[PDB]
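Chains as they are written, first to last, in full-length UniProt numbering: chain A, 64 to 187; chain B, 2 to 205; chain C, 2 to 212; chain D, 53 to 257; chain E, 2 to 148; chain F, 2 to 27, 38 to 106. Please read the structure below before turning to the comments.
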Amino acid sequence: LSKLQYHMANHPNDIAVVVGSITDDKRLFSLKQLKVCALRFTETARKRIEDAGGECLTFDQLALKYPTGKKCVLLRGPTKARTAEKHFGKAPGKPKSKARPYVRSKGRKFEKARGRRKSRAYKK
Amino acid sequence: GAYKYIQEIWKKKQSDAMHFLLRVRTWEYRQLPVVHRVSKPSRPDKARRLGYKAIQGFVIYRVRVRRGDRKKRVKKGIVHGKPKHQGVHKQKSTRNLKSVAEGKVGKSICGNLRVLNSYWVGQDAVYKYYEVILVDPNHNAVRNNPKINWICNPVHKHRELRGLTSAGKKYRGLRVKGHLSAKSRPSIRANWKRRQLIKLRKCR
Amino acid sequence: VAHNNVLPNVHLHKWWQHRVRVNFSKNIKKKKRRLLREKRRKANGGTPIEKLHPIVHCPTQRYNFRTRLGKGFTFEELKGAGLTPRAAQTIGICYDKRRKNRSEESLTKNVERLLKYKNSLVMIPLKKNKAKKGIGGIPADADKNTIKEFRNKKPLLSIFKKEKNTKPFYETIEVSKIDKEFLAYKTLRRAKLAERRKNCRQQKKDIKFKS
Amino acid sequence: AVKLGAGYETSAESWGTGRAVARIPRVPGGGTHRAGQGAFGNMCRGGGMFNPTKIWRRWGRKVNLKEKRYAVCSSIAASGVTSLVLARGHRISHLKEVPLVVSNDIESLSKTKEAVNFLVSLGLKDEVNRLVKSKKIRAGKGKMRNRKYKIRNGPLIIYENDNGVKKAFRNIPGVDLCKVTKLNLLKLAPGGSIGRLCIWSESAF
Amino acid sequence: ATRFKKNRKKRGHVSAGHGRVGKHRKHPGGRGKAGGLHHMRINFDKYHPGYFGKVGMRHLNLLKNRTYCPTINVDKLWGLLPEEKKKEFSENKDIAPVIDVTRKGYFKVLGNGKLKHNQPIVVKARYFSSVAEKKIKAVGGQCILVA
Amino acid sequence: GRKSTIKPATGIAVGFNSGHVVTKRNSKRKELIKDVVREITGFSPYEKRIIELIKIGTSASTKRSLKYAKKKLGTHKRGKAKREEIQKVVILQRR
RNA sequence: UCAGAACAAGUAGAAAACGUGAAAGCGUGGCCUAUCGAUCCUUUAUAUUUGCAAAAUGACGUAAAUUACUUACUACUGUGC
RNA sequence: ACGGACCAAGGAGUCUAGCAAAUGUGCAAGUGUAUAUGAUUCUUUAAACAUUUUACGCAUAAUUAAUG
RNA sequence: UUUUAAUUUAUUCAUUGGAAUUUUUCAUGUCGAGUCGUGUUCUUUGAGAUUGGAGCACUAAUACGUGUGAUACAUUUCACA
RNA sequence: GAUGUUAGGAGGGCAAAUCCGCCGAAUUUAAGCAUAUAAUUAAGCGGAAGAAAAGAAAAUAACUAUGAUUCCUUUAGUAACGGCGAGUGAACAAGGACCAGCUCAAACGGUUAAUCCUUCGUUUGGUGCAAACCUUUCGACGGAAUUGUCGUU
Ligand SMILES: [Mg+2]
Ligand SMILES: [Mg+2]
Ligand SMILES: [Mg+2]
Ligand SMILES: [Mg+2]
Ligand SMILES: [Mg+2]
Ligand SMILES: [Mg+2]
Ligand SMILES: [Mg+2]
Ligand SMILES: [Mg+2]
Ligand SMILES: [Mg+2]
Ligand SMILES: [Mg+2]
Ligand SMILES: [Mg+2]
Ligand SMILES: [Mg+2]
Ligand SMILES: [Mg+2]
Ligand SMILES: [Mg+2]
Ligand SMILES: [Mg+2]
Ligand SMILES: [Mg+2]
Ligand SMILES: [Mg+2]
Ligand SMILES: [Mg+2]
Ligand SMILES: [Mg+2]
Ligand SMILES: [Mg+2]
Ligand SMILES: [Mg+2]
Ligand SMILES: [Mg+2]
Ligand SMILES: [Mg+2]
């Protein structure tokens, strides 16, 4: 929701459309008068929107309102912010790669020695 | 008071008079058969402290156990496996000599009796000598008495053979309650089994 | 091992198949247990199958805030209630010889609870009709009509369950009442720093006392 | 699950290579026709099966409570919708309203006959007839594992309180009963097919 | 279910998908983790850098409880109040909410994120990060140490 | 880690006396027996040796005695206790 | 070299501190291309960095205070590991 | 080069544990009601329903040998 | 049929014994030894200067004791037994 | 102390899935193998019960503290151990199931063993058609017991 709000911050009254789910954010204190079309609203998010005196539109509704999508703004969530994506790319072992190794837990005993510090053979 | 005094005396052990007595007693034992009934406890106070009571069905038995490690039973000294398991001669038994003593008497000698307890008595370099307190679970004197009667139950057959006498409790490592004993508490084997147990769930 | 998968840590190198318990019996077992409980209740006509446990605070820095039922009431609490341990045992209450009180407030709470329980309870005479007063702690034996009335009413199990948290976590407070000067982090860190020396001092004090 | 030692209770071992026979383990000794024969191994008469079935296979499947609830809701919705019900196979051509609501008097019916009559009156005569027809001997070995007859699934009567409904509908083929409080998705959507014909008491509703 | 298993799809091919020249033998690369640091060293290097060797201090008796301290950032502090109450608080600059962060099941307050300006917050907790405390104060709030 | 019995606990989670605000709520016969035992049994050889060492009188001698005790009984504390007892006995004898 | 992993050997720097020269400069070894070595373990250096799991040990140090389970405040706090 | 006289039946990537990505679905800063209880639940009922008129997991914060 | 709840009827007279609290005195009792423990050997343990056990050698203390409080040790606290 | 076909009794063997002691491997894994791993497993031997074993703190904790065992959910694949390789690997807390405590020894009681048992009995009951049981209190004649039974806590 916070992200949505941020996005909407420039142009008002136009309708943000999100082709996914919208979740609420406890980190936000205020919610502006938002008109949002989504595939899914989490209940709490929906409630928040309602409170804001806003509007929750489903995709069909949006279509009905704006068959050419006039005055609409497409928004996406952060895709590569997913935990899976953190393991991808260059594998940990290749220099300067920022990928999370698949490990059991965290702490000293777990993948923090040889090849992770100058002091144990090599680093990274 | 008398019993306290004798306890105190027995604490000394190495003090001349006590020592002499011990020497005498061990000498006497060396002569007597390996298992032999005794007329009366030679350590009455000690017997009392354990399970002994002055009742008809209570018997004291004296038993001699050889000291030292137990050579690992094999044809010739050779072991036929990995080096880690190859040693003999310096292999120790998991049971106490006391436990062994109680076992041997309780078994083929006194199958009818029930081992209640056992105490130390005396030793030499060859043998440790124990007096074992036993009870007849069929004697009415024992059957009636609400204190003791428990031993009359069938669950107490050959306690000595299941490590349920004090000595058994010791070597089973039940004596030391605490974090020192986490691994063995309902029973070592039982505990191990529990730990192994993978619980799947019909639902899963 | 191959590809980017987690390193295999499946402890199945022993004869594990020898010790697999599948709980096909779970629900049915539960049902059986329930039935047994019911039977027990029936046997103990009127009386509740559940025994009184005191509320107690959980150990460790992490469960400290929570309160749960402990087993047994402690002699002191029994005394406060105005009850003998044996008497308590005979009735609904669990007693704990080993438990000790270091919290006066806690003790008070426990005694209050005990009192409440006592108030709630009505005692059926040991021999019929013959109404006689209890021993040490046990209250009084009521008449027959009263007993009947009680029976007719539903036996509550509210006391045998632990009292849920008081709630707060949000309370209004005035802005003028706030203290703008209290570096809490600073205080913490200072405290941490000063620990060892404080401990030493305490030890010294103890030593002094011992003489 | 197949028994644990099935096919493997034998001491059979392979004769090795130089006897002009395959190297599968062979039953030892002589005199018997069994002696000399292939032992265990899935390909062998009297052998163990490939991966013998075991009790520790996952039988049950945990489903999100929420998911279950959702499913139930969906089923209910389907039941409400006439078309869906029709599709599901129930003979609903002669019923006015398909969210079927009936008076609390139903909860108190005491006689199967009476229940049947009521059903007929409602319009389910055809459905009842169909149900009657549809008790038939199952194709296959099911016949031998206590699944002799197959019967189609008729209406589902939902009630607030049992004052006879349970017993009065018991014995009518395909008719199922349920308390509003504990609705079963297995019953509301048999075979995972949406839109069972539900008859609701007003109280139940 | 078995019907949608690849083996069923490969059923009429000879090698069952496991290669004609290089067959499918039992445990080729070794058993379990096997030649980690020998024939499978490269894999270890590339996917599991710091696997081998031990680092740092032993800790013979841990007791994770002693060290348990669930964190919350200030950013999420005002969220901990219901919407209507929050609104009320916003309206009334005169009164500041106390928050028992421990009662909500958290042991440390950290300072990741903004707090609404001017609005004073009273924060009850066991631990605070300097920055979080500073943030709280800047907004006219107090931290009250609890135990 | 360490706490004090007197004084309420500072409402901090760490440091000395840290913790919650909750206010806290707070022979002859034997000797005779021992004497009797002594009369009966006397001492044990090691004990006698220790006594002798003590009698010898110097700091070095005392140290030696202590060492001997440690060797015999095991554990430093026990040995120390034994030594103390022996010293007491010696003193009594002197008196 | 290469997986564009490591080690190793280099190349370019940067922050110190210097050496040399009048100075620009040059110098992080040998004019360049070879002369070498993981985990674990051991060993010895480094450090206002730590721990040894309820605590303490420099130090009742510095102030106070009264006889004591007193109150503050100090980067420096045993052996061994 | 090896295997195959012929025919019929049987005859071989399976099942579980944990991890993974893929995709489906529900919910979503949460989520999963774990054991266990409760029921006007009891042919099916070993399931289905319900969850006490701050349990724990994983996730929401990382990092350091470490007091932190 | 099995038992086991509820409901029903107990009422009188005899005194031998016991019990729980509650006052106040007086008593500070007792509390398990070739046992714990240490050293050493072997085994076992996730137990790491040894987790338990065992063999052998040595061999204790009296509740101000002595045993835990997961790094050996000394001096001393404290907490729990 | 022997001894008795003395009077009255008991033990032995079979059966094991769970159960409790002992005793005790190796294949195997480590792509070899020797420590490890298999495994405190199989086999061996001995012993019980409807469950066994465990159990009423020489416990954990460091809290505002918990309070016998056992079992489940969990901690946790964690602390730790491990040619620190392969691998192995708990416990406290927390949520439950169930919840039960106790008696010897020692202290005390000598204006007295107040105890206990064998045998022979004696006379009210309750059932059952019988067979039988079930209880009731009362003494003898023996013994055991002062090297210590019973009461008291
Ligand atoms: Mg077969
Ligand atoms: Mg067919
Ligand atoms: Mg092909
Ligand atoms: Mg092939
Ligand atoms: Mg090839
Ligand atoms: Mg060939
Ligand atoms: Mg041929
Ligand atoms: Mg052929
Ligand atoms: Mg075929
Ligand atoms: Mg997925
Ligand atoms: Mg004791
Ligand atoms: Mg081992
Ligand atoms: Mg601890
Ligand atoms: Mg037998
Ligand atoms: Mg062995
Ligand atoms: Mg191998
Ligand atoms: Mg191989
Ligand atoms: Mg076996
Ligand atoms: Mg049996
Ligand atoms: Mg038992
Ligand atoms: Mg557990
Ligand atoms: Mg985890
Ligand atoms: Mg193992």
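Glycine is no exception: its CB is placed at the ideal position from the N, C-alpha and C atoms.
Counting Cβ pairs closer than 8 Å, one from the segment 81 to 98 of chain C and one from the segment 106 to 120 of chain C, do we hit at least three? Between the segment 81 to 98 of chain C and the segment 106 to 120 of chain C there are three or more inter-stretch CB-CB distances shorter than 8 Å, so the stretches are counted as touching.
Using the three-state DSSP reduction, which class does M124 (chain C) fall into: helix, strand or coil? If DSSP states are grouped into helix, strand and coil, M124 (chain C) belongs with the strands.
Unbroken stretches of the alpha helix (DSSP H), 4 residues or longer, contained in the segment 64 to 143 of chain D: At a cut-off of 4 residues, the continuous stretches assigned as alpha helix (DSSP H) that sit fully inside the segment 64 to 143 of chain D are 117 to 132, 134 to 140.
Checking 8 Å against the spacing of the C-beta atoms, do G112 (chain E) and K136 (chain E) come in under that value? Contact: yes.
Would you tell me roughly how many angstroms separate the C-alpha atoms of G18 (chain E) and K47 (chain E), rounded to the nearest one? Per the coordinates, the alpha-carbon of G18 (chain E) lies some 28 Å from the alpha-carbon of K47 (chain E).
Pick from D:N223, D:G132, D:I189 that is closest to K202 (chain D), judged by C-alpha positions: If we check each option's Cα against that of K202 (chain D), D:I189 comes out closest.
Could you tell me if the beta carbon of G194 (chain D) falls within a distance shorter than 7 Å of some heavy atom in ligand 5? Not under cutoff, so the answer is no.
Alpha carbon of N62 (chain E) to alpha carbon of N10 (chain C), nearest angstrom: Cα to Cα, the separation comes out at about 23 Å.
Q197 (chain B) CB to nearest chain C CB: under 8 Å? At least one chain C Cβ lies under 8 Å of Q197 (chain B).
Taking any heavy atom of ligand 5 as the mark, which residues have a C-beta closer than 7 Å to it, listed down the chain? Qualifying residues come out as E:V22, E:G23.
Examine the Cβ distances between the segment 219 to 228 of chain D and the segment 165 to 183 of chain D and report whether three or more of them are shorter than 8 Å. Three or more Cβ pairs drawn from the segment 219 to 228 of chain D and the segment 165 to 183 of chain D lie within less than 8 Å of each other, which places the two stretches in contact.
Count the other CB atoms, across all protein chains shown, that sit within 10 Å of the CB of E103 (chain B); report buried if there are 16 or more and exposed otherwise. Buried is the call here.
In this structure, what does DSSP give as the bridge partners for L120 (chain A)? Answer by DSSP bridge pairing, in chain order: A:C100.
Take every Cβ of the segment 149 to 166 of chain A, pair it with every Cβ of the segment 122 to 141 of chain A, and state whether three or more of those distances are shorter than 8 Å. Too few Cβ pairs lie closer than 8 Å, so no.
Which residues in chain A sit within 8 Å of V7 (chain C), going by Cβ to Cβ distance? Chain A residues near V7 (chain C): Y165, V166, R167.
List, in order along the chain, the chain C residues whose C-beta lies closer than 8 Å to that of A154 (chain A)? Neighbours of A154 (chain A) on chain C, chain order: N5.
Taking the alpha carbon of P155 (chain B) as the point to measure from, which residue in B:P45, B:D137, B:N146 has its own alpha carbon closest? Among B:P45, B:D137, B:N146, the Cα nearest to that of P155 (chain B) is on B:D137.
Let me confirm a value: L67 (chain A) is counted as buried when at least 16 other C-beta atoms fall within 10 Å, else exposed. Which label applies? So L67 (chain A) counts as buried.
Contacting residues, own chain, Cβ-Cβ under 6 Å from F129 (chain E) (five flanking each side not counted): Once the five neighbours on either side are set aside, the close Cβ partners of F129 (chain E) are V110, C144.
Taking 8 Å as the limit between beta carbons, can you name the residues of its chain near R97 (chain D), skipping five residues before and five after? Counting only Cβ-Cβ distances below 8 Å, and skipping sequence neighbours, we find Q89, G90.
Quick check on this structure: which residue in D:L183, D:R109, D:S253 has the alpha carbon closest to the alpha carbon of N24 (chain C)? The shortest C-alpha separation from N24 (chain C) is found at D:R109.
According to DSSP, is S159 (chain C) helix, strand or coil? DSSP places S159 (chain C) outside both helix and strand once states are collapsed to three, so it counts as coil.
Based on DSSP bridge pairs, tell me the residues matched to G106 (chain E). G106 (chain E) is not bridged to any residue.
Is DSSP giving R22 (chain C) helix, strand or coil here? In the structure shown, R22 (chain C) sits in a strand (DSSP, three-state: E or B).
For the alpha helix (DSSP H) containing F54 (chain F), list its first residue and its last residue. Membership of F54 (chain F) in any alpha helix (DSSP H) is not indicated, and neither H nor E is assigned to it by DSSP.
Just to check my reading of the structure: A148 (chain E) and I174 (chain C) have Cβ atoms closer than 8 Å, yes? What is that Cβ distance to the nearest angstrom? 20 Å between Cβ atoms; not a contact.
List, in order along the chain, the chain E residues whose C-beta lies closer than 7 Å to that of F170 (chain C)? Taking a Cβ-Cβ threshold of 7 Å, the residues of chain E close to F170 (chain C) are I100, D101, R104, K105, in chain order.
Using only CA atoms, which one of C:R42, C:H58, C:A141 lies nearest to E51 (chain C)? When each option's Cα is compared against that of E51 (chain C), the closest is C:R42.
Whole-angstrom C-beta distance between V23 (chain F) and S104 (chain C), which should lie under 8 Å: Going by Cβ atoms, the distance from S104 (chain C) to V23 (chain F) rounds to 5 Å, so yes, they are a contact pair.
Check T105 (chain A) in the structure and name its three-state DSSP category. Coil, per DSSP.
Could you pull the DSSP bridge partners for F129 (chain E) from this structure? DSSP, once it has assigned bridges, lists E:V110 as partnering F129 (chain E).
In the DSSP assignment, find the unbroken beta strand (DSSP E) run with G83 (chain A) in it and report its ends. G83 (chain A) -> beta strand (DSSP E) spans 78 to 85.
CB contact flag (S119 (chain B), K148 (chain B), <8 Å): No. Outside cutoff.
Since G57 (chain E) and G178 (chain A) are thought to touch, with beta carbons under 8 Å apart, how far apart are those beta carbons, to the nearest angstrom? About 16 Å separates the two Cβ atoms, so there is no contact after all.
Span of the alpha helix (DSSP H) around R115 (chain B): Per DSSP, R115 (chain B) lies in no alpha helix (DSSP H) segment; the continuous beta strand (DSSP E) that holds it begins and ends at 115 to 124.
Can you list, in chain order, the residues of its chain whose CB lies under 8 Å from that of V100 (chain F), leaving out five sequence neighbours each side? Hits under 8 Å: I62.
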